[PDB]
Amino acid sequence: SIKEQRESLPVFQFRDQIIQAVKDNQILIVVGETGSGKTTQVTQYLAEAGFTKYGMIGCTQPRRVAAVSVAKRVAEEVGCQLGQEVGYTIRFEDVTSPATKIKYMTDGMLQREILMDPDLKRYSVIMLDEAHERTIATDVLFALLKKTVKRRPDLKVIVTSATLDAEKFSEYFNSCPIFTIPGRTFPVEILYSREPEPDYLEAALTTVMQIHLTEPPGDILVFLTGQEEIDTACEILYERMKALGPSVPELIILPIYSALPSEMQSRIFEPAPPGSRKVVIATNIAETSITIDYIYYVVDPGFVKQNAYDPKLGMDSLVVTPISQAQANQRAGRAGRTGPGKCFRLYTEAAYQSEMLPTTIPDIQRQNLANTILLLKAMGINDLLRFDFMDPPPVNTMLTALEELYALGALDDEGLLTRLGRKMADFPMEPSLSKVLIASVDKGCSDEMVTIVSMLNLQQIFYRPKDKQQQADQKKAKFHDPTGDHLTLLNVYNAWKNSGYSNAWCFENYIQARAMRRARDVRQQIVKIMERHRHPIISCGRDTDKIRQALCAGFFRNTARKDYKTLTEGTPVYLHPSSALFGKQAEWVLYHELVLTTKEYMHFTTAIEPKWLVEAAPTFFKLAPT
RNA sequence: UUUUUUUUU
């Protein structure tokens, strides 16, 4: 029964050996294959081996869903109630009790816990799971746990790794042993394209057609790059199927991407009807976050939309670029979850061998780092450039982050953390947003600022479906403030609140309920943090300008003037068509982010008055006679 | 001027 499942897993074969390996070495690298089941077993093995006696067993996961899934299964396998001996902790949800002995958590959570307790006294063993994904939190934890083990001999650390990176991990973690566990995974025949494919979208559509018409049963999973590309692919495929007479077997074409509402996301999981073949046209969300059952075919175009930060210009760049080998292999493996399968790679073998990096560049080496830098300074680490990162971030990215924190008053001239800086690090957001919150206290608009900040944290607020695009834009424009997007975000939350937090209201007005529910969770958390720091939450009422004054305290660098050209570097930047300021004239502008997609676009742009810049940032804005 | 992959406190 329950025991039978634990024994079937291969990891049971090395159960005694794992426990001894953990006893023998303080830091152990574990290479776990897909079918190993190390996530739900190693945790227990140590708990049954008596490791639970003086500390807790913590295991990180890079995803919230993964943390709750595995905690549910390990609770069921241990036969206790979730929250008792086996619990989980993620943001807004601490499902643990004084009886908790095994604790699954998000890496983020443990990172934030190490700040208040750098020795992590409550834990006897820490396991870093799915570390091959190389989130910023995981990378930070590598360094911090390495330092912590020297202080704490009793602490035991386990770091899961990919096969290629296992040796690299070992040398970094004091040349400690590597434990490899075999995993049961069904074979996937990988077919490369004979010649390079000029158009990856067309090739993917052609390949879907081929498979459906000429291959044995089984649903297809296609990896594309964005929402517009996927919706265009769905429309095109449907029309090609119709072109053929109704004699040809039904092809159910379903998109999947995070912006897609949870109902429509749910329709992908549903089993296909009799004598029908499903194709799921997906982003990289299907690679790890979404696991779809009964996929036997994968079409691999070979591209992903990748974020890369340019600190010189203070701008993210989203570029469709070739995936990595690791990423390509992950994709292939999705055909092999339910049973044996095939993967059609639309690139030549040479291109896998020579045009694709063996590993995706880690997040820490291509994102803004202000948030990370502030946290590390808060923990009292100072020469961050020399800090023991496994893969060190670009030097310019670290210097700009440091300059940013200096400019906001988080750091003094000597580089050390200020009282403001310490306060700001207790808030979970980029430092520029925490600056604005604390500035809003003095400016008497804290109540509005909190909700606004909360909205900024969220992703995909306004739903814009393909067929009903115009209708969405109309409903969105009812909320537009004359000043632009920040106050528009305020309106959306207030109107949601005033409708009694209705999911119906959201659907009607083409607004993602998932986003609004998260905003309320974020808001409640922020309000608690404000109270702890004795910062009062004050409403500005009608005087909304006070919000705009507060925004300049944090976002003075992100400012532009119409011809728009950036105030600092003079670089041209453009209002995004979604903006409430789009068709409108406004001479002086403030924006939340500068992202380069097909054009350099300001995101969440708001109109400002230059007075507010010299008021809020006196040192950085000089007043001169013309 | 015409619309952003994934994910974390």
# chains A, B, ... in the order shown; residues from 1 in each chain; ligands from 1

$ residues_around --residues "residue 497 in chain A" --least-positions-apart "2" --cutoff "12 Å" --atoms "only C-alpha atoms (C1' of nucleotides)" --output "PyMOL selection string"
chain A and resi 451+490-495+499-503+505-506+513+516-517+519-520

$ select_by_dssp --residues "range 132-359 of chain A" --states "alpha helix (DSSP H)" --output "PyMOL selection string"
chain A and resi 136-151+166-172+200-214+227-243+262-269+325-332+349-350

$ interface_residues --of "chain B" --to "chain A" --cutoff "6 Å" --atoms "only C-alpha atoms (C1' of nucleotides)" --output "NGL selection string"
:B and (2-3 or 5 or 8-9)

$ residues_around --residues "residue 554 in chain A" --least-positions-apart "2" --cutoff "10 Å" --atoms "only C-alpha atoms (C1' of nucleotides)" --output "MDAnalysis selection string"
chainID A and resid 404 407:408 431:439 549:552 556:558 592 616:617

$ atom_distance --atom1 "CA of residue 189 in chain A" --atom2 "CA of residue 344 in chain A"
8.5 Å

$ select_by_dssp --residues "range 303-446 of chain A" --states "strand (DSSP E)" --output "PyMOL selection string"
chain A and resi 303-310+315-322+341-345

$ write_last_selection --atoms "N, CA, C and O atoms" --output "PDB file, in the first residue's frame"
ATOM      1  N   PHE A 303      13.411  28.115 -29.114  1.00  0.00           N
ATOM      2  CA  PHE A 303      13.579  29.512 -28.650  1.00  0.00           C
ATOM      3  C   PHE A 303      12.775  29.781 -27.385  1.00  0.00           C
ATOM      4  O   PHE A 303      11.831  29.068 -27.099  1.00  0.00           O
ATOM      5  N   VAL A 304      13.218  30.783 -26.636  1.00  0.00           N
ATOM      6  CA  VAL A 304      12.530  31.248 -25.403  1.00  0.00           C
ATOM      7  C   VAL A 304      12.627  32.771 -25.368  1.00  0.00           C
ATOM      8  O   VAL A 304      13.506  33.319 -26.019  1.00  0.00           O
ATOM      9  N   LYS A 305      11.705  33.430 -24.682  1.00  0.00           N
ATOM     10  CA  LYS A 305      11.800  34.896 -24.529  1.00  0.00           C
ATOM     11  C   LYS A 305      12.645  35.102 -23.275  1.00  0.00           C
ATOM     12  O   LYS A 305      12.205  34.721 -22.212  1.00  0.00           O
ATOM     13  N   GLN A 306      13.833  35.670 -23.406  1.00  0.00           N
ATOM     14  CA  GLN A 306      14.685  35.820 -22.230  1.00  0.00           C
ATOM     15  C   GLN A 306      14.881  37.260 -21.798  1.00  0.00           C
ATOM     16  O   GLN A 306      15.075  38.161 -22.618  1.00  0.00           O
ATOM     17  N   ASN A 307      14.832  37.440 -20.482  1.00  0.00           N
ATOM     18  CA  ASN A 307      15.090  38.705 -19.827  1.00  0.00           C
ATOM     19  C   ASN A 307      16.594  38.850 -19.626  1.00  0.00           C
ATOM     20  O   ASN A 307      17.264  37.911 -19.190  1.00  0.00           O
ATOM     21  N   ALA A 308      17.121  40.027 -19.961  1.00  0.00           N
ATOM     22  CA  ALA A 308      18.485  40.408 -19.620  1.00  0.00           C
ATOM     23  C   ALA A 308      18.545  41.890 -19.289  1.00  0.00           C
ATOM     24  O   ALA A 308      18.085  42.723 -20.073  1.00  0.00           O
ATOM     25  N   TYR A 309      19.112  42.207 -18.126  1.00  0.00           N
ATOM     26  CA  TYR A 309      19.178  43.565 -17.601  1.00  0.00           C
ATOM     27  C   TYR A 309      20.393  44.292 -18.161  1.00  0.00           C
ATOM     28  O   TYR A 309      21.493  43.737 -18.218  1.00  0.00           O
ATOM     29  N   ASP A 310      20.181  45.544 -18.573  1.00  0.00           N
ATOM     30  CA  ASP A 310      21.258  46.426 -19.012  1.00  0.00           C
ATOM     31  C   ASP A 310      21.407  47.561 -18.010  1.00  0.00           C
ATOM     32  O   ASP A 310      20.647  48.538 -18.058  1.00  0.00           O
ATOM     33  N   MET A 315      17.488  49.132 -18.004  1.00  0.00           N
ATOM     34  CA  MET A 315      16.444  48.634 -18.884  1.00  0.00           C
ATOM     35  C   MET A 315      16.555  47.124 -19.044  1.00  0.00           C
ATOM     36  O   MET A 315      17.647  46.605 -19.297  1.00  0.00           O
ATOM     37  N   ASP A 316      15.427  46.425 -18.877  1.00  0.00           N
ATOM     38  CA  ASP A 316      15.342  45.009 -19.210  1.00  0.00           C
ATOM     39  C   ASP A 316      15.169  44.838 -20.710  1.00  0.00           C
ATOM     40  O   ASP A 316      14.480  45.633 -21.355  1.00  0.00           O
ATOM     41  N   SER A 317      15.784  43.800 -21.272  1.00  0.00           N
ATOM     42  CA  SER A 317      15.596  43.503 -22.683  1.00  0.00           C
ATOM     43  C   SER A 317      14.972  42.122 -22.816  1.00  0.00           C
ATOM     44  O   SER A 317      15.552  41.137 -22.348  1.00  0.00           O
ATOM     45  N   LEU A 318      13.806  42.036 -23.450  1.00  0.00           N
ATOM     46  CA  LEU A 318      13.175  40.744 -23.688  1.00  0.00           C
ATOM     47  C   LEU A 318      13.484  40.354 -25.125  1.00  0.00           C
ATOM     48  O   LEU A 318      13.015  41.013 -26.058  1.00  0.00           O
ATOM     49  N   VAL A 319      14.252  39.287 -25.323  1.00  0.00           N
ATOM     50  CA  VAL A 319      14.652  38.896 -26.667  1.00  0.00           C
ATOM     51  C   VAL A 319      14.375  37.413 -26.849  1.00  0.00           C
ATOM     52  O   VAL A 319      14.733  36.606 -25.983  1.00  0.00           O
ATOM     53  N   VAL A 320      13.689  37.065 -27.937  1.00  0.00           N
ATOM     54  CA  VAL A 320      13.540  35.679 -28.358  1.00  0.00           C
ATOM     55  C   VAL A 320      14.952  35.178 -28.655  1.00  0.00           C
ATOM     56  O   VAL A 320      15.580  35.642 -29.613  1.00  0.00           O
ATOM     57  N   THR A 321      15.473  34.252 -27.865  1.00  0.00           N
ATOM     58  CA  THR A 321      16.815  33.743 -28.097  1.00  0.00           C
ATOM     59  C   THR A 321      16.821  32.221 -28.040  1.00  0.00           C
ATOM     60  O   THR A 321      15.863  31.624 -27.537  1.00  0.00           O
ATOM     61  N   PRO A 322      17.839  31.560 -28.629  1.00  0.00           N
ATOM     62  CA  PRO A 322      17.951  30.096 -28.500  1.00  0.00           C
ATOM     63  C   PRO A 322      17.999  29.637 -27.049  1.00  0.00           C
ATOM     64  O   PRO A 322      18.631  30.265 -26.200  1.00  0.00           O
ATOM     65  N   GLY A 341       7.856   8.324 -25.596  1.00  0.00           N
ATOM     66  CA  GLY A 341       7.454   9.382 -26.500  1.00  0.00           C
ATOM     67  C   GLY A 341       8.472   9.862 -27.517  1.00  0.00           C
ATOM     68  O   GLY A 341       9.518   9.241 -27.711  1.00  0.00           O
ATOM     69  N   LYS A 342       8.131  10.935 -28.221  1.00  0.00           N
ATOM     70  CA  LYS A 342       8.984  11.519 -29.243  1.00  0.00           C
ATOM     71  C   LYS A 342       9.086  13.025 -29.039  1.00  0.00           C
ATOM     72  O   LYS A 342       8.150  13.665 -28.552  1.00  0.00           O
ATOM     73  N   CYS A 343      10.225  13.592 -29.437  1.00  0.00           N
ATOM     74  CA  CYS A 343      10.441  15.036 -29.413  1.00  0.00           C
ATOM     75  C   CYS A 343      11.012  15.435 -30.760  1.00  0.00           C
ATOM     76  O   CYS A 343      12.033  14.890 -31.194  1.00  0.00           O
ATOM     77  N   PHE A 344      10.345  16.380 -31.418  1.00  0.00           N
ATOM     78  CA  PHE A 344      10.804  16.920 -32.693  1.00  0.00           C
ATOM     79  C   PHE A 344      11.505  18.249 -32.435  1.00  0.00           C
ATOM     80  O   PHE A 344      10.857  19.264 -32.170  1.00  0.00           O
ATOM     81  N   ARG A 345      12.827  18.232 -32.521  1.00  0.00           N
ATOM     82  CA  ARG A 345      13.648  19.430 -32.413  1.00  0.00           C
ATOM     83  C   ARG A 345      13.852  20.007 -33.808  1.00  0.00           C
ATOM     84  O   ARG A 345      14.337  19.321 -34.711  1.00  0.00           O
TER      85      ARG A 345
END
